[PDB]
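In structure tokens, the next block holds one chain alone, the form deposited in one PDB entry.
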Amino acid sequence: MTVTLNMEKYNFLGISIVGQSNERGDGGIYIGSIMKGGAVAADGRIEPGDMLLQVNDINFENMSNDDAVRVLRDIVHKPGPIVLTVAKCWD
């Protein structure tokens, strides 16, 4: 899924994201929770536990989880459409 998000009619994105790995080092950045308020709740397509692959062409597959947050924060301060590429995970 690509979920292109409005932002003009909404203002906040409304997700926490989280890092998750096994002891082998495999994992990535996931949708933590979706706030009852924001763009992502409103679009409805993304779910908790889905993997975040990309945001406006910035890849998140190997992002540190503290960078992921501050980088999504910065992108959310850029005015305009926010394009999430997402792997649907089924919980």
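From 1 onward, residues are counted along the sequence shown. So that the term is clear: the rigid core is the largest set of C-alpha atoms that superpose within 1.5 Å between two forms.
The following text describes the form solved in complex with a partner chain, which does not appear among the structures shown.
J.: Look up in the deposited complex whether residue 9 has a non-hydrogen atom within 4.5 angstroms of its partner chain, and give yes or no.
T.: Answer yes; at least one heavy atom of residue 9 falls within 4.5 Å of its partner chain in the deposited complex.
J.: Check residue 81 for me: does it contact its partner chain in the deposited complex (non-hydrogen atoms, 4.5 angstroms)?
T.: Residue 81: no contact with its partner chain in the deposited complex.
J.: Using a 4.5 angstroms cut-off on non-hydrogen atoms, would residue 73 count as touching its partner chain in the deposited complex?
T.: It does: once its partner chain is placed as it appears in the deposited complex, residue 73 has a heavy atom within 4.5 Å of it.
J.: Checking residue 64 here: with the core superposed, does its CA move 2 Å or more between this form and the one not shown?
T.: Residue 64: C-alpha displaced by 2 Å or more between this form and the one not shown.
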